[PDB]
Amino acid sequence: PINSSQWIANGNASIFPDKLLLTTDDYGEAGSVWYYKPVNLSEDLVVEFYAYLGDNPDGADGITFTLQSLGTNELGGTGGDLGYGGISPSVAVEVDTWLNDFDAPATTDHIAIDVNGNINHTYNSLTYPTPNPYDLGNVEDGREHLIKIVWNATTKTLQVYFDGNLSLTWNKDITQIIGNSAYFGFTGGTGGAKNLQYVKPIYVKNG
């Protein structure tokens, strides 16, 4: 179901016939996979994918869905950077499976909106501002989780659904951060803790 010609893998990521592998269950990884054609953010964007965050609750570090207006070679930091930290201009939806000091006020595995490659939730909330991170409890349960991301180019809003539950919303015009055109894709990291991490894209609709 994955057409490998449509995806560009960087770092420790690999394109498989049925999934986008972001990290293997090994230390110090960063992986990214970008879709080959940019989307037009003056139209709506809906992305649905299954995410797998591993089977070890004591593992790390998490994944993102990222919109960024650079290109298909971008790869952010390892570990708590989730393969995303440093990429700008960007907006990311992180699924974060390791509590770093900069993750306050999160208390569990969490989903959050990050901007321009910043993964510090207090900084982003003081600067942009982004919403607080949303605690999911443990998502390193060896199950695939359904994530749906909705950009509405009329209302200038973003919604994020996890396992069918509205988890985050945002009222910032993301085109004023990244421009009207962006690559989309996925990133993952591991550090001093680890997990197998992958996504299975289901549906992408632009307009």
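Throughout, we count residues from 1 along the sequence that is shown.
Relative to its counterpart among 135-143 and 63-71, 135-143 has the higher mean temperature factor, C-alpha atoms as listed in the PDB entry.
When 99-107 is weighed against 81-89, 99-107 comes out higher, by mean CA B-factor as recorded in the entry. When the C-alpha B-factors of 17, 185, 11, 188 are ranked from the entry, the top spot goes to 17. Considering 175, 32, 56, 169 together, the PDB entry gives 56 the largest C-alpha B factor. Residue-level temperature factors show residue 153 in the highest third of its chain, judged at the C-alpha atom. The entry lists a Cα temperature factor for residue 112 that places it in the lowest third of the chain's modelled residues.
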